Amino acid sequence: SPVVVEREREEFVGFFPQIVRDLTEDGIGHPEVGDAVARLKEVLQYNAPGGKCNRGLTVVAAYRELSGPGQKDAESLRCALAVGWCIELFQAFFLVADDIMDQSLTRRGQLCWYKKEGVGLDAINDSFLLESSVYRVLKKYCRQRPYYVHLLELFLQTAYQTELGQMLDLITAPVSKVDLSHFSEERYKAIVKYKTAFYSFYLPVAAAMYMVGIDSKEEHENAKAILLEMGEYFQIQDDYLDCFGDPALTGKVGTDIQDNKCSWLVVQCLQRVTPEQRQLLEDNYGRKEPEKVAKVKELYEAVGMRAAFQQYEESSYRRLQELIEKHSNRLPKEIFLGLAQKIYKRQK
């Protein structure tokens, strides 16, 4: 219920002051490295607390739906919350580094960190530091737990997978020639998977699983079978709802074609296009100019993307049902249903 959902969110949110105290409390005042950590508190507070928390909040909902009454105590719930904030700091480090190699300007409604005065290129070393924080929170809360080295391995691994997709991106979509010869089905897909699906959907629940003992390669692979899918439908949606939706929205609210973004639509346009339009596309798609931009959107609409999306998301929420009823044998199906509910509802 909203009563419950809302309640859970506020519980997580109000924990961040605690986390900050965990990462810095003692660094501060240390007669050698005190100022360094003194500044860390600021990096922490400036970049970490921000989104809906939907990622870290998934851990909490998952362990809740998975633990038996013998493991729903204060000391165990707080580790649920703390490992939830670890996903959030997992995102904050990638984001900070992301912006810099993008020369971005705004994030979470504020000015990117590196763009801040005094900062700039130091932001790289603070990207390293937030990441160093994912593991110090794990160690504070779970070092004396049978599941520890599992979480440790999960994080250092998903961090490797997102880093891989992050580089598939930095390659595929380069300003230079911009190139539309690369924006293809399997490469777009391959980017959504590593760069996003992994740490966004599998990682959260996967950490809930390891916490209630479930470490079987089979059940974990049954988790990848469907989270890696909602991770797809989520990105497609958060790409379609970009130009083609406005009436109530949030996130990277605005639009971005100024950046040569290998999005769904693009791959879909090139997919079903004529030589003239193809040339038009590789001529108007890729720059901040009211002119060329809207001509790209005219073409997408001229081609038939409003249809392409529907028949897809119309089949997506179906495949998912068949991927659940076929993969949620041990794991409580309610976990995915509840997750899907926050996702499967597009805007035209």
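Quick note: we count residues from 1 along the sequence shown, nothing fancier.
K.L.:
So, looking at the entry's B-factor column for Cα atoms, which has the higher mean, 264-272 or 192-200?
P.N.:
For C-alpha atoms only, the mean B-factor is higher in 264-272.
K.L.:
Would you determine, from the values in the PDB entry, which of 336-344 and 21-29 has the greater average C-alpha temperature factor?
P.N.:
For C-alpha atoms only, the mean B-factor is higher in 336-344.
K.L.:
For the C-alpha B-factor as written in the entry, point me to the maximum among 77, 156, 249, 119.
P.N.:
It is 249.
K.L.:
Out of 96, 236, 81, 175, whose C-alpha atom has the biggest B factor in the entry?
P.N.:
Going by the entry's C-alpha B-factors, 175 comes out highest.
K.L.:
Ranked by Cα temperature factor within the chain, is residue 69 in the lowest third, the middle third or the highest third?
P.N.:
CA B-factor rank for residue 69: lowest third.
K.L.:
Would you mind ranking residue 223 by its C-alpha B-factor against the rest of the chain and naming the third, lowest, middle or highest?
P.N.:
Ranked within chain, residue 223 CA B lands in the middle tercile.
K.L.:
Ranking the modelled residues of this chain by C-alpha B-factor as given in the entry, is residue 131 in the lowest, middle or highest third?
P.N.:
Residue 131: CA B-factor falls in the lowest third of its chain.
K.L.:
Grab the CA temperature factor for residue 143 from the record and place it in the lowest, middle or highest third of its chain.
P.N.:
Residue 143: CA B-factor falls in the lowest third of its chain.
K.L.:
Classify residue 171 as lowest, middle or highest third according to the C-alpha B-factor given in the PDB entry, relative to its own chain.
P.N.:
Tercile = middle for this residue's CA B-factor.
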